[PDB]
Structures are given as C-alpha cells and as structure tokens.
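Reviewing the structure listed below.
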Amino acid sequence: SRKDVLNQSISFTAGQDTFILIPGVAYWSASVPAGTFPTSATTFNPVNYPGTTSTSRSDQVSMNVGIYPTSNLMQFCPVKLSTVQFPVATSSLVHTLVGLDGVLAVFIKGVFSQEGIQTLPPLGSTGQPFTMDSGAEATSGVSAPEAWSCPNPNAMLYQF
Amino acid sequence: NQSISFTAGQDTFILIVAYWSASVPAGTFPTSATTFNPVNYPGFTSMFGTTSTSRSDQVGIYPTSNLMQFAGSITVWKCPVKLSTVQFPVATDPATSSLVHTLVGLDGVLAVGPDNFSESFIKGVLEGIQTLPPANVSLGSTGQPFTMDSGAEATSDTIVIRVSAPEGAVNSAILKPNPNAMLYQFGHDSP
Amino acid sequence: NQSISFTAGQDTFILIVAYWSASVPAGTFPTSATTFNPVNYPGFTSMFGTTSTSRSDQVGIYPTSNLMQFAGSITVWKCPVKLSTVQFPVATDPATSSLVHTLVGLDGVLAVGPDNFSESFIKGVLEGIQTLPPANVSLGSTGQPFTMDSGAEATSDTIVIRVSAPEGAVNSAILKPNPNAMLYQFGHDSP
Amino acid sequence: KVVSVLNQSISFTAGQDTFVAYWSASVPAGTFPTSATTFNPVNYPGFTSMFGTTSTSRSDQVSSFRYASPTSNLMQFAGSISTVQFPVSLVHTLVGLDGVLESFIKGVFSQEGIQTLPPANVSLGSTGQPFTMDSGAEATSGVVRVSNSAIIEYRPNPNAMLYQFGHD
Amino acid sequence: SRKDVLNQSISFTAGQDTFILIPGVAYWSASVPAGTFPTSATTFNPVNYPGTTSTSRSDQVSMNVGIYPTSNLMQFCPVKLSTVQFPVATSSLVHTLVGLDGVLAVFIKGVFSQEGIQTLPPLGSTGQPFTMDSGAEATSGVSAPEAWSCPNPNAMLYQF
Amino acid sequence: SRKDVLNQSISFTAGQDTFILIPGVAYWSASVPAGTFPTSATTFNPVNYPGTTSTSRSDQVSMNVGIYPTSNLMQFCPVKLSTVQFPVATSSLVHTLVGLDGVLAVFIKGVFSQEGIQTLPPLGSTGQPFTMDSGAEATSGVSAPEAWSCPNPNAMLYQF
C-alpha cells in the first residue's frame, strides 16, 4: 500500500564510474574507478526510503525509477536471493547471492524506463562476485572522465 | 543416448538428475549404505564450470539383447520427491541447531506401489549442494532412507525404474539467465 | 544395398559421399589419424571417367542378426558440414600463402549432441579434390579433426551413425549437364 | 535448431580525423587513408569463451551463419560527424571496397589463416585494397569520418554447450 | 545499368570453320580449320565492348546477340567457372574451366535467338579442353567451304 | 551530365588563415599564416571529386558551393588560363596563370552563395603570384585567431 518516493540529490563521482543499482531500500550504487567493474573489493551501503532491532522488524509485516540532471551543461539480470551449503571444519545453510556477475558485464538527457539481514555475506566461498552490506542496524536493515515505485491486527498499518 | 548392459544377480535403480543407477542384489531394495553417483549429461561441466561456487554463475528404453536369454523385467511405480529441510540441535560450544537439506516422502521407492508397469523385459518400455545429506551430518538424523553422493564436483515426477537381472541373464539396453555469458545471444524469448 | 557385418571391439562411423565408415574402438571417437576411404556408388567410374581432370567432363538400416546376441546400438546426432577455405603463409622462395580446402564446424561429431536416436540395435533404424586436406599440407594446419582419404581416383544434412559393437557381438545389417555426352538424350527437363 | 552489443565510452584523437564491434582507423585531420594504415579492431564482451582462441579455431562452436541486423560538454567539443589472384596461388581480398576513401554534437543513429587482408607474405599492390586488416593478435580473436568524448541466428555445432539453449 | 551494343563487322573465314562463342567481353570466336573441332592447340583472344592494371579494375565495382549478313548473295552448355586442386612438387587452388567439352560436340538468313584475370590456364593438367586468353592487360581483362544485351560512393557510375 | 557533390569534412586551421578557392577538382585552399596573404612560397595541392596517365585521360572526353559549421559554439576575379612566351638561352609557349593577384587582395553562420596538366608552372618568370600544383599524377590531374555544382562512341559515358 506504500508509494515510495525519494527526491534524491547527487553530486556524482567525477572520474569514478558510478554503477547505480535498483523493500524500503531506495537505491544502491557502489562507486567503481574509471573504466573498471566492481571487484570483490567493491561494496555499497545502501540508501533507504525514510519513514527497532534486527530481531524485531517483523512487528508490522512496482518499478520505474528515473534519473534527472542535477547539473549544468558544460562540466560533463533477473537476480534471485539464493543460499549456500558449505561443509564446516568445526554443515550450515546461510545466505549468499548470485546474479551479480550479470552486473559487471552487460548523457545529460537522462534515463527513465521500466529476519537478521544486515550483512550478506553472513565473499568468495559465498560465490558472490562482491560484498554487500546495509551498515549499522538502526540506519538500514555512468562514467565521468577526468526511487519512485509501487500487516497484523496490532500494528499501525492495519487501519490503512 | 548410450547403450548399456547389466550384471546378473542385481537390479538397478536408475532415476529420472536422470543418471543415478543405484543397485542392490536381485529382489532386494536400497539400503542406508546405498549411495550412488552421477554420470553426467551431454555437455555439463562447460555450462556450470569447474568451480563449485560457480555452479550458478550463468543461470522410454529398448533392449539390446537376444532372445533365448528370455529373462527379465522393468518396473516403474511412482512417488514424488520433495527437497525439504531438517534442523537438529548439536551440543557445540555454545550448542547450535543446524538446518540442513533432505529429500522427504520418498519411501514409496522402498516398497510396492499400487500403480506399475511390470511384465517381461524383451519388449522394452541451490548453491552448495553435493550429497543428500552433506558432510558431517548423519543419514540417520535425516530419516531419509539413503544418501546419494555427487563426489567430484570438478567432474560434477521423479521416476525410478526397477530392471531385475536374474542369475544368468544378458540384460542390456539403450539408456539415456544472467546477461554475463553468451547465452542471451543464444536465448530466444518466451512465446 | 549390400549386406554387412561389423567386428566386435569397435564402432563404425558411416556418413551420409554416403560411403565412409570410419571406425575406432568401442566407445571411442575419431582421431587425427582416423583416415578412411570411399567404397563407391552403384555405377560411378563410368560416369566421371578414369581420368582425374575428367571428373567434371560430363556434368534406414535394418539388422541382419539373430536374437540371443542381444547387444548393440545405433546413434545418430547431427551437425552440419561446410567445405570452406583456409590460407597459410609458408616461407618458400619467395614466401607464399596457399589457400586450401577444409570442412569446418564438424566438431559436433566428436561429442554427444543433445538430439539423438539411441536405443537398442535389433529393431534397426570441385575439380582436383582428393582428400581433405590434400597432399603436402598438415591436418594440424587446418584444425579440422581428421582427414578422409580418397586414394585411388582410378577407382574413385551430413548424417553420421554410431553403431557400437561390444565385445562378443554379432553386429550385422543391410547398409547401402554438358551437351557432349549421351545424357541429354536421357535428360528430362525440370517441371 | 538455431542459436540466438557494445556499451563503450571513447574519445577521439585530437587533430586526428577518425573513421568485432568496429574496425576503422583515424587519419590526420582532413586527410585520407593509404597503404600504410591498418586498424586494430575491438570485440564483443566474453565472446572468446564462446568462440575459440587459436590459429586453427574459427569453427569449433558455431558452424555457419547469416546476419539479421557524447561524453563531453559544450565547452571543449570540436569536429564533425572476395579474392584476388596473383603470379609468383590464391588469396582472399575484398573487392570494390575503395569507395569509403554537421558537427560532433548531434550524434549518430544507424544500423583459419585469416588474420590479415592482404595476408602475411603478401603485398597490398596486387589486391587493390587501400586499407589493411590486422585483426589484432589471433590469440584473442579473429575474422571470417569524425572531425570531444563520446561512446543473429547462427548455425551451431552440436557439441557446443550453447546449443542446449537453441530453438528453431 | 549498362546496355552493351557493338556493331561488329566481319570478313569471316573462308575455309576455316569459325566457331563463335557468346562482362565487357563482347564475343569470342576461335577460328578452327575445315570440318574439325577446337583442339587443345586452339585459342581465342576476345573482343570487348569498348569504353588500369589487372590489380586495379575493382575501382568501380541479358542475352540475345544477333548475326547479320555482311556480304553478298553468291560468294557463300551451361558452363560454370570452376577451379583446381593440384598437388605440387615444390598445394594451390587456381582457376580452370570445364564445360568446353560441350562446345566441340553439340545460311545467309542468319541467326538471332535468346582480380588478376588475364590468362586462364593460370592446359591438360587444368582439365580445360583448350586454352583461353585475354591477351595484353590493358586491351582486355559456321563453316565456309573452299553483342547486344542487358559501384561505390567514389567512382563514376555512382551518379547513374 | 555530372553532378559533383562532396560531403567534405574539416578541422580548419586554428591560427593559420585558410584561404579557400573554388573540373573534377572540388576545392583548393592553401593555408596561409595569420594576417598575411599568399606569397610566392605559398602553394596548394587540391582536393578532387573521387570517381590513367597524364597522357591518357582524354580517353573519355554550375557553381554554388556551401560551407557549414563542423564545430561547436565556443572554440571559435574572373580568372582565365593564359600562357607565356619567353626567350630561351638554349622560344617556347607554355602555361602560366594570371588573376591570382586578384586573390590576395580583394563567422559561424557560414557561407553559401553563387593533356599533361600536373604541374603549373610547367614562378616569377611565369608571372604567377604563386605556385600551384596537383601533386602525383594518379591521385590528381577565413582567419582563426590564437563542392556542389552542375564523350566518344567507345568510352563509358556514351550510354548516359
């Protein structure tokens, strides 16, 4: 029933090739250097549509982002969330993510088209091409040369 | 695909990923230690690589026997196989509960089903998974009746047969995405 | 046309000009040295002469085996064969680059294809060219996997079989203009 | 059963008028190509894993074929958008090709031994080509004007693993 | 787009049996003696519709000839261009021509119905019944007892 | 019958004052330095509408050029062909050209309005203010501070 909007502002990365990707989480853009692709060393910590613990957030319970020029006129994969079996030398089944390999390999007009999760890897043994994250628990769950999308009987969304 | 022959005294249990021919002596059923192997598809290891974690980085029969060996059978029931989960509490330091995989409901395999094909032979008719169960976990913890072993991953309805080769029988037959890789340029769409 | 038998231990690779039965041991695939011969058509040498340069101067199967030898297979994929060209620079005096012929894309032959017929056997189912490659040029320069040798020209989809004769098997079957010459007076026109 | 692209940002050489994905050179500004010039082409991503690598590998995965078919700012920009035979013996050569011989802003919208044309130990003068193929190194790939920064169903082989996802 | 016409005049061969055959090249008629057929020793050098090197002519890029009496009233195969493999004692693939065998074996009213090439053989080993030619490079690329037929953006034909 | 067109592209001479002048020959522009005029030392070698020897070209046998900006928005005489008598100390009559004196002496919007010859001088004694040329035989017969115009019975143009 939500209608996520986020008038986000950027000063983009001059030089660094910003690779922008994409439920509260608004968008994701690890900043990669010039010409290259996200290595295993590359990571982003997201942005979120604003408005708990990572053991609580279950208490309560669509596309077409656009990018528009914040600047003047002269300075310029179907991914699913898998998991992993891995034998231990102490057997588990924990989360990993495939499909990121379909990200590294495939102006001013701009483009419009279209519990416990905090740290996923829970690299390399996970099979993820690189490392995510969402940072601290409370605050979260294009080359330069040199989000607008979309209970229980005791929590707030029940009325609407 | 290939062309096959079976040894006397035994019956083989090939399944429909469509190559695991478990085998026990003639008349018998699989055991706990019944633990077979895969003999892979036409063209497999190129598709999902030599690297284990790279396993998701792209995303009837007829006899070959003569006639005066008149002896044999085929038998197919069927049972559904569901890959499910099972936890177990283990007194580690501190004590843990490990959730692991299991195929369940298979036990129609180990016995006669009501539905069948059974007359003579000569007419003819996720990431990380290696074995079920994997290492360090007992088959007896699962309660699924047997393990099936992938082994070398550098090499690596559910319908099972029962072809019974009695003693002194020649039992022989003809048995059988991410944008990154090139397969989009091979990919045709859904109609 | 004729009626044939095959030796144990081997599998033959007959092709569809429709007579070149390459043969390797049982289970194996052709080699570089796999180099077969033609066994010609009904009535050939009269048509295109005994003279080499005069080669353009006019312009299923069923078994023959019994039953208690119950053993065998047929296997047919298919792959297209395209006669193409290949050059190569050779340090002659002065150094030359010789363009020569090659059949390319054949390499589906050397492996399992997805599409097939494979169950038991007993049911049944330009000017100058001599060999590919010709003389004085290496097969390794071409990269086509094998040579096929015409030999004596005074005697002289592309579909290949795989009939596998295992050890101790009786594997047997029934296998198969210019105005100058008289054939205009034989020639009927296109409809 | 048949089997079923480049995003690349590039700036062109200043003072140098510029002609798998593309194979075209740059001349001096206002000038034309001659016998001295070849071009090192570019590729599609990752195709070599699908194609082949060697000095014998064209035709190991796919047999044959038929062919269906501005990074700068407004302050620094400038500029504008077979076979021949011979005595010493047969060499391939593209024939009739010679006829190749407002301003940059508005952009453009439009639709083995074989490593050199003319080949190794072979001259250009017999061939009538103005321009030389080089194809880069064969170890990576192979083959069978703008004057300031800017940007097919095949007959397969059945052994090839691409063919387990082909269609008619 | 060409419309080759050639008002050709002949004084024919009295005695010698003239065997007249047939892209600029207008017609071809090796003159053979009385009664016989073209031997391997027989050759013609063509005529051409008028209006370079044999390494240049690529710079730029339909039937019914008739024969009409030039004289008074009392004095009187689907061929295709093949090539040849031949092993060398030094391996090549060079041009030859078959179908000429369909030429040697099958008045005044007259008859109307219907790079590097200079020397082809590049005889006998070629399999040609006889020897062509076109003569010098620049000037070219019926028994007596005793042609009217039918680019690149830098050469002249581009406008029409 | 020809309709010469030539989509010519330039990067012009920054600094050097390009003086652009004007049958296959498309245009002519000797590049002269800043402020000055073509001296005797100044020369151009032409461009030509594309598509022989200089003793052959007789084998076969209208205005309004326009100039249009190839570039962005911030980085920026009735002549007749005479001849010459000259006494020799060895008497001839060879070619020279007058009217070039009416060339040395008289933005972005752009302007639209309106055998044996290879080296002519065959300077100074010729009376030409400066030296032409057409360069090699086969390939041919506005200040920066710091062509679209318009036989014999044996050559190709005879049909059209």
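Just so we're on the same page: first chain in the structure tokens is A, next is B, and so on; residues restart at 1 for each chain, and ligands are numbered from 1 in the order they show up.
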Within 6 Å of chain E, which residues of chain C show up when using only C-alpha atoms, listed as a list in words?
residues 53, 98, 127, 128, 129, 178, 179 and 180 of chain C
Pull N, CA, C and O atoms from the residues just selected and write them as a PDB file, in the first residue's frame.
ATOM      1  N   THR C  53      41.340 -35.196 -64.135  1.00  0.00           N
ATOM      2  CA  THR C  53      40.836 -33.944 -64.677  1.00  0.00           C
ATOM      3  C   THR C  53      39.494 -34.092 -65.379  1.00  0.00           C
ATOM      4  O   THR C  53      38.759 -33.109 -65.502  1.00  0.00           O
ATOM      5  N   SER C  98      49.263 -20.167 -49.228  1.00  0.00           N
ATOM      6  CA  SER C  98      48.497 -21.116 -50.016  1.00  0.00           C
ATOM      7  C   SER C  98      47.110 -21.268 -49.426  1.00  0.00           C
ATOM      8  O   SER C  98      46.964 -21.625 -48.257  1.00  0.00           O
ATOM      9  N   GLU C 127      36.928 -29.398 -59.056  1.00  0.00           N
ATOM     10  CA  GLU C 127      37.904 -30.211 -59.757  1.00  0.00           C
ATOM     11  C   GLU C 127      39.199 -30.297 -58.965  1.00  0.00           C
ATOM     12  O   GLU C 127      39.728 -29.278 -58.526  1.00  0.00           O
ATOM     13  N   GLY C 128      39.695 -31.502 -58.737  1.00  0.00           N
ATOM     14  CA  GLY C 128      41.004 -31.652 -58.142  1.00  0.00           C
ATOM     15  C   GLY C 128      41.019 -32.269 -56.760  1.00  0.00           C
ATOM     16  O   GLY C 128      42.085 -32.643 -56.265  1.00  0.00           O
ATOM     17  N   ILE C 129      39.858 -32.372 -56.121  1.00  0.00           N
ATOM     18  CA  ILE C 129      39.762 -32.765 -54.720  1.00  0.00           C
ATOM     19  C   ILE C 129      40.028 -34.255 -54.597  1.00  0.00           C
ATOM     20  O   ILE C 129      39.317 -35.074 -55.186  1.00  0.00           O
ATOM     21  N   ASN C 178      26.588 -31.139 -69.562  1.00  0.00           N
ATOM     22  CA  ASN C 178      27.199 -30.653 -70.791  1.00  0.00           C
ATOM     23  C   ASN C 178      26.556 -31.413 -71.943  1.00  0.00           C
ATOM     24  O   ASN C 178      26.201 -32.586 -71.786  1.00  0.00           O
ATOM     25  N   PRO C 179      26.388 -30.793 -73.104  1.00  0.00           N
ATOM     26  CA  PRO C 179      25.721 -31.469 -74.224  1.00  0.00           C
ATOM     27  C   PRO C 179      26.498 -32.618 -74.836  1.00  0.00           C
ATOM     28  O   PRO C 179      25.940 -33.407 -75.601  1.00  0.00           O
ATOM     29  N   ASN C 180      27.774 -32.715 -74.489  1.00  0.00           N
ATOM     30  CA  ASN C 180      28.721 -33.629 -75.094  1.00  0.00           C
ATOM     31  C   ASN C 180      28.341 -35.097 -74.988  1.00  0.00           C
ATOM     32  O   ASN C 180      28.448 -35.822 -75.977  1.00  0.00           O
TER      33      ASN C 180
END
All residues 9 Å or closer to residue 86 in chain D, only C-alpha atoms, same chain fewer than 6 positions away omitted, as a VMD selection string
(chain D and resid 126 to 127) or (chain E and resid 55 115 to 117)
What does the structure give for the distance between CA of residue 118 in chain B and CA of residue 33 in chain B, in Å to one decimal?
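Interatomic distance, CA of residue 118 in chain B to CA of residue 33 in chain B: 26.7 Å.
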Taking the DSSP secondary structure from the backbone, can you list the residues of chain F that are strand (DSSP E), as a PyMOL selection string?
chain F and resi 17-21+28-32+83-86+92-95
Transformed chain A, reference chain E, full Cα set in order, as a CSV table (one decimal) with C-alpha atoms, in the first residue's frame:
chain,number,residue,atom,x,y,z
A,1,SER,CA,22.8,-0.4,-65.8
A,2,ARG,CA,24.9,-0.9,-68.9
A,3,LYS,CA,23.4,-1.7,-72.3
A,4,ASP,CA,26.3,-3.2,-74.3
A,5,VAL,CA,25.9,-2.8,-78.1
A,6,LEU,CA,28.6,-3.5,-80.6
A,7,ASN,CA,28.1,-3.0,-84.3
A,8,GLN,CA,30.7,-5.5,-85.2
A,9,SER,CA,31.8,-6.1,-88.8
A,10,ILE,CA,33.3,-9.3,-90.2
A,11,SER,CA,35.0,-10.6,-93.1
A,12,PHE,CA,34.6,-14.2,-92.0
A,13,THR,CA,37.0,-17.1,-92.5
A,14,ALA,CA,36.6,-18.7,-95.9
A,15,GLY,CA,37.6,-22.3,-95.4
A,16,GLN,CA,38.3,-22.1,-91.7
A,17,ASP,CA,35.3,-23.1,-89.6
A,18,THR,CA,34.6,-20.1,-87.4
A,19,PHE,CA,33.2,-21.2,-84.0
A,20,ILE,CA,31.7,-18.2,-82.4
A,21,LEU,CA,31.0,-18.2,-78.6
A,22,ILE,CA,29.0,-15.7,-76.6
A,23,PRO,CA,31.1,-8.9,-68.9
A,24,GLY,CA,32.6,-6.2,-71.1
A,25,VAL,CA,33.8,-9.0,-73.4
A,26,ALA,CA,31.5,-8.9,-76.4
A,27,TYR,CA,32.2,-12.2,-78.3
A,28,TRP,CA,34.7,-15.0,-78.7
A,29,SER,CA,35.5,-16.9,-81.8
A,30,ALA,CA,38.5,-19.2,-82.2
A,31,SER,CA,38.9,-20.0,-85.9
A,32,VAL,CA,39.2,-23.7,-86.4
A,33,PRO,CA,40.0,-25.4,-89.7
A,34,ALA,CA,37.6,-27.1,-92.1
A,35,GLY,CA,35.4,-29.8,-90.5
A,36,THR,CA,37.4,-30.1,-87.3
A,37,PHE,CA,36.7,-29.0,-83.7
A,38,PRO,CA,38.8,-26.9,-81.3
A,39,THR,CA,41.8,-29.0,-80.2
A,40,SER,CA,44.0,-28.1,-77.2
A,41,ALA,CA,46.1,-26.1,-79.6
A,42,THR,CA,43.1,-23.9,-80.4
A,43,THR,CA,42.7,-20.5,-78.6
A,44,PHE,CA,40.9,-17.2,-79.0
A,45,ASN,CA,41.7,-13.7,-77.7
A,46,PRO,CA,38.4,-11.9,-77.2
A,47,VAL,CA,36.7,-8.8,-78.5
A,48,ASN,CA,35.4,-6.4,-76.0
A,49,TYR,CA,32.8,-3.7,-75.7
A,50,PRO,CA,34.9,-0.6,-75.6
A,51,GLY,CA,34.5,2.2,-73.1
A,52,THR,CA,44.1,0.3,-65.4
A,53,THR,CA,46.1,-2.6,-64.2
A,54,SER,CA,44.9,-6.2,-63.5
A,55,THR,CA,45.3,-5.3,-59.9
A,56,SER,CA,43.2,-2.2,-60.0
A,57,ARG,CA,40.0,-2.8,-62.0
A,58,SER,CA,37.9,-3.3,-58.9
A,59,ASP,CA,37.9,0.5,-58.5
A,60,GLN,CA,34.4,0.8,-59.8
A,61,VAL,CA,32.7,-2.5,-58.9
A,62,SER,CA,20.8,-10.3,-70.5
A,63,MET,CA,21.3,-12.2,-73.7
A,64,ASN,CA,20.3,-12.2,-77.5
A,65,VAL,CA,23.2,-11.4,-79.7
A,66,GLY,CA,22.3,-11.4,-83.4
A,67,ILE,CA,24.3,-12.2,-86.6
A,68,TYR,CA,23.5,-10.5,-89.9
A,69,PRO,CA,25.0,-10.9,-93.4
A,70,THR,CA,27.8,-8.5,-94.1
A,71,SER,CA,28.1,-10.0,-97.6
A,72,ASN,CA,26.5,-10.6,-100.9
A,73,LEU,CA,24.5,-13.5,-102.3
A,74,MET,CA,26.8,-15.6,-104.3
A,75,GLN,CA,30.3,-15.9,-102.7
A,76,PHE,CA,28.9,-18.1,-100.0
A,77,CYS,CA,26.4,-25.8,-72.3
A,78,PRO,CA,25.5,-24.1,-69.0
A,79,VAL,CA,29.3,-23.5,-68.3
A,80,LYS,CA,30.4,-22.5,-64.8
A,81,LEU,CA,33.9,-21.3,-63.8
A,82,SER,CA,35.5,-23.9,-61.7
A,83,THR,CA,38.9,-24.1,-60.0
A,84,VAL,CA,41.5,-26.8,-59.5
A,85,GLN,CA,43.3,-28.6,-56.7
A,86,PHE,CA,46.7,-30.0,-57.8
A,87,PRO,CA,49.5,-31.4,-55.6
A,88,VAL,CA,52.8,-29.6,-56.2
A,89,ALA,CA,56.3,-31.0,-56.2
A,90,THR,CA,57.9,-27.8,-54.8
A,91,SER,CA,49.0,-27.4,-52.9
A,92,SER,CA,47.4,-24.4,-54.6
A,93,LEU,CA,43.9,-23.7,-55.8
A,94,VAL,CA,43.8,-21.9,-59.1
A,95,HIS,CA,41.3,-21.4,-61.9
A,96,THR,CA,40.4,-23.7,-64.7
A,97,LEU,CA,37.3,-24.2,-66.8
A,98,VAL,CA,35.1,-27.2,-67.6
A,99,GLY,CA,32.1,-27.3,-70.0
A,100,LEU,CA,34.2,-26.5,-73.1
A,101,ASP,CA,33.8,-30.2,-74.0
A,102,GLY,CA,30.2,-29.2,-74.5
A,103,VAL,CA,31.4,-26.8,-77.3
A,104,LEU,CA,33.3,-29.1,-79.7
A,105,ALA,CA,30.4,-31.6,-79.9
A,106,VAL,CA,26.8,-30.4,-79.8
A,107,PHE,CA,23.0,-19.9,-94.0
A,108,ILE,CA,22.7,-16.4,-95.2
A,109,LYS,CA,19.4,-16.0,-93.3
A,110,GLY,CA,21.4,-15.5,-90.2
A,111,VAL,CA,20.8,-16.2,-86.5
A,112,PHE,CA,19.1,-14.4,-83.7
A,113,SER,CA,17.8,-16.1,-80.7
A,114,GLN,CA,18.0,-15.9,-76.9
A,115,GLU,CA,41.0,-9.7,-59.8
A,116,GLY,CA,44.0,-10.9,-61.9
A,117,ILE,CA,42.2,-12.5,-64.8
A,118,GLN,CA,44.3,-12.2,-67.9
A,119,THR,CA,45.4,-15.8,-68.7
A,120,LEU,CA,43.3,-18.8,-67.8
A,121,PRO,CA,45.0,-21.5,-67.6
A,122,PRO,CA,46.8,-19.5,-64.8
A,123,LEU,CA,46.1,-26.8,-70.3
A,124,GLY,CA,45.7,-30.6,-69.8
A,125,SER,CA,46.5,-30.7,-66.1
A,126,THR,CA,43.9,-27.9,-65.8
A,127,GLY,CA,41.4,-30.2,-67.5
A,128,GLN,CA,40.4,-27.5,-69.9
A,129,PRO,CA,39.8,-29.0,-73.4
A,130,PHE,CA,41.8,-25.9,-74.7
A,131,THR,CA,43.5,-22.7,-73.8
A,132,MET,CA,41.8,-19.3,-73.5
A,133,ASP,CA,43.3,-15.9,-73.2
A,134,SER,CA,42.6,-12.2,-73.0
A,135,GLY,CA,46.0,-11.1,-74.3
A,136,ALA,CA,47.7,-7.9,-73.0
A,137,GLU,CA,46.4,-6.4,-69.8
A,138,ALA,CA,45.3,-3.0,-71.0
A,139,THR,CA,43.5,-4.0,-74.1
A,140,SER,CA,41.4,-6.7,-72.4
A,141,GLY,CA,40.9,-8.1,-68.9
A,142,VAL,CA,29.7,-21.6,-89.1
A,143,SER,CA,31.7,-23.3,-91.8
A,144,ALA,CA,32.8,-22.0,-95.1
A,145,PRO,CA,33.8,-24.5,-97.8
A,146,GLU,CA,36.5,-23.8,-100.3
A,147,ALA,CA,26.9,-8.2,-78.7
A,148,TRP,CA,23.5,-6.7,-77.8
A,149,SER,CA,22.5,-7.5,-74.3
A,150,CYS,CA,21.3,-6.2,-70.9
A,151,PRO,CA,29.5,0.7,-57.6
A,152,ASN,CA,31.0,2.6,-54.7
A,153,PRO,CA,30.5,6.2,-53.5
A,154,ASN,CA,33.7,7.4,-55.0
A,155,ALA,CA,33.8,6.1,-58.6
A,156,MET,CA,31.9,7.5,-61.6
A,157,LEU,CA,29.0,5.1,-62.0
A,158,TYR,CA,27.6,6.2,-58.6
A,159,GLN,CA,25.7,9.1,-60.1
A,160,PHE,CA,23.8,6.9,-62.6
May I have the residues within 8 Å of residue 63 in chain B as a ChimeraX atom specification, using only C-alpha atoms and disregarding those fewer than 3 positions away in the same chain?
/B:121-124,171-174 /C:70,119-120
Selected residues, C-alpha atoms, written as a PDB file, in the first residue's frame, please.
ATOM      1  CA  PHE B 121      11.791 -57.141 -20.378  1.00  0.00           C
ATOM      2  CA  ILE B 122      12.376 -58.055 -24.005  1.00  0.00           C
ATOM      3  CA  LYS B 123       9.641 -55.798 -25.305  1.00  0.00           C
ATOM      4  CA  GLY B 124      11.341 -52.873 -23.608  1.00  0.00           C
ATOM      5  CA  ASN B 171      20.251 -57.633 -19.542  1.00  0.00           C
ATOM      6  CA  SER B 172      21.131 -54.872 -21.978  1.00  0.00           C
ATOM      7  CA  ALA B 173      19.560 -51.635 -23.230  1.00  0.00           C
ATOM      8  CA  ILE B 174      19.774 -48.167 -24.824  1.00  0.00           C
TER       9      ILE B 174
ATOM     10  CA  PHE C  70      21.172 -59.234 -27.651  1.00  0.00           C
ATOM     11  CA  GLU C 119      18.239 -47.312 -28.030  1.00  0.00           C
ATOM     12  CA  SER C 120      18.880 -50.970 -28.857  1.00  0.00           C
TER      13      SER C 120
END
Across B:56, B:133, B:91, B:161, the smallest distance to residue 149 in chain B, with only C-alpha atoms counted, is shown by B:133
Close residues, residue 24 in chain D itself excluded, 10 Å, only C-alpha atoms, min 3 positions apart in chain, as a VMD selection string:
chain D and resid 18 to 19 27 38 to 42 131 133 145
Kindly determine which residues of chain D lie within 6 Å of chain A, considering only C-alpha atoms, and give the answer as a VMD selection string.
chain D and resid 72 to 75
With a distance cut-off of 10 Å and only C-alpha atoms, select the neighbouring residues of residue 106 in chain D, excluding the residue or stretch itself and same-chain residues fewer than 2 positions from it, and output the selection as a list in words.
residues 70, 80, 81, 102, 103, 104, 108 and 109 of chain D
Could the residues in this selection be saved with N, CA and C atoms as a short mmCIF file (atom, residue, chain, number, x, y, z; two decimals), in the first residue's frame?
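Output file part-v3.cif follows:
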data_model
loop_
_atom_site.label_atom_id
_atom_site.label_comp_id
_atom_site.auth_asym_id
_atom_site.auth_seq_id
_atom_site.Cartn_x
_atom_site.Cartn_y
_atom_site.Cartn_z
N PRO D 70 28.44 10.79 -27.06
CA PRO D 70 28.64 12.13 -26.49
C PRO D 70 28.90 12.12 -24.98
N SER D 80 33.25 17.16 -36.40
CA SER D 80 32.03 16.87 -37.13
C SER D 80 31.89 15.40 -37.48
N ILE D 81 30.67 14.88 -37.29
CA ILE D 81 30.22 13.67 -37.97
C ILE D 81 29.53 14.10 -39.25
N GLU D 102 26.81 17.50 -39.50
CA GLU D 102 27.02 18.93 -39.33
C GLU D 102 28.21 19.23 -38.41
N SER D 103 28.15 18.80 -37.16
CA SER D 103 29.24 18.95 -36.21
C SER D 103 28.97 18.02 -35.05
N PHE D 104 30.05 17.58 -34.40
CA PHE D 104 30.14 16.44 -33.48
C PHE D 104 29.02 16.29 -32.45
N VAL D 108 24.94 10.30 -33.74
CA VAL D 108 24.70 9.44 -34.89
C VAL D 108 23.85 8.23 -34.51
N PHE D 109 22.87 7.93 -35.35
CA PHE D 109 21.97 6.80 -35.15
C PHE D 109 21.84 6.07 -36.48
#
Just need the residues of chain C within 10 Å of chain D, counting only C-alpha atoms, so spit them out as a ChimeraX atom specification.
/C:77-82,84-100,102-115,140-144
Report as a ChimeraX atom specification all protein, DNA and RNA residues lying within 12 Å of range 19-24 of chain B, evaluated on only C-alpha atoms, omitting residues in the same chain fewer than 2 positions from it.
/B:1-2,4,6-17,26-42,109-110,146-150,156,158-165,175-176
Would you put the residues from that selection into a file with C-alpha atoms, as a tab-separated table (two decimals), in the first residue's frame?
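Saved the output as result_3.tsv:
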chain	number	residue	atom	x	y	z
B	1	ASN	CA	21.77	-41.95	-25.51
B	2	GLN	CA	24.34	-44.56	-24.63
B	4	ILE	CA	24.07	-50.37	-21.72
B	6	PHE	CA	23.51	-55.08	-16.66
B	7	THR	CA	25.16	-57.70	-14.47
B	8	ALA	CA	23.29	-60.75	-13.17
B	9	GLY	CA	22.35	-61.13	-9.52
B	10	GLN	CA	21.46	-57.45	-9.24
B	11	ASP	CA	18.72	-54.98	-10.09
B	12	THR	CA	19.50	-51.36	-10.96
B	13	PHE	CA	17.58	-48.29	-9.83
B	14	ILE	CA	18.16	-45.52	-12.34
B	15	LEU	CA	16.11	-42.40	-11.64
B	16	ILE	CA	14.76	-39.54	-13.52
B	17	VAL	CA	19.48	-35.65	-12.40
B	26	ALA	CA	18.23	-59.23	-7.23
B	27	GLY	CA	14.91	-58.79	-5.46
B	28	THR	CA	16.29	-56.51	-2.73
B	29	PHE	CA	15.62	-52.76	-2.12
B	30	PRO	CA	18.02	-49.87	-1.34
B	31	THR	CA	19.79	-49.65	1.98
B	32	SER	CA	21.20	-46.90	4.11
B	33	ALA	CA	24.61	-47.55	2.57
B	34	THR	CA	23.06	-47.48	-0.90
B	35	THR	CA	24.98	-44.44	-2.06
B	36	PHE	CA	25.32	-43.85	-5.76
B	37	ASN	CA	26.99	-41.31	-8.07
B	38	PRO	CA	26.03	-39.15	-11.06
B	39	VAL	CA	27.16	-39.87	-14.63
B	40	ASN	CA	26.54	-36.50	-16.20
B	41	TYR	CA	24.57	-35.04	-19.14
B	42	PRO	CA	25.71	-34.37	-22.69
B	109	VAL	CA	10.55	-46.25	-3.51
B	110	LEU	CA	11.37	-48.87	-0.92
B	146	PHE	CA	19.65	-43.32	1.73
B	147	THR	CA	22.37	-40.91	0.68
B	148	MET	CA	23.23	-40.09	-2.93
B	149	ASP	CA	26.79	-38.90	-3.46
B	150	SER	CA	27.90	-36.40	-6.08
B	156	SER	CA	30.08	-32.76	-11.41
B	158	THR	CA	10.87	-38.30	-10.10
B	159	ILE	CA	10.67	-41.65	-11.88
B	160	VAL	CA	12.76	-44.67	-10.89
B	161	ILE	CA	12.99	-47.98	-12.73
B	162	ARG	CA	13.34	-51.50	-11.44
B	163	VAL	CA	15.04	-53.66	-14.06
B	164	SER	CA	15.78	-57.03	-12.48
B	165	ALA	CA	18.58	-59.10	-13.95
B	175	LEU	CA	19.54	-45.89	-21.77
B	176	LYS	CA	19.94	-42.15	-21.87
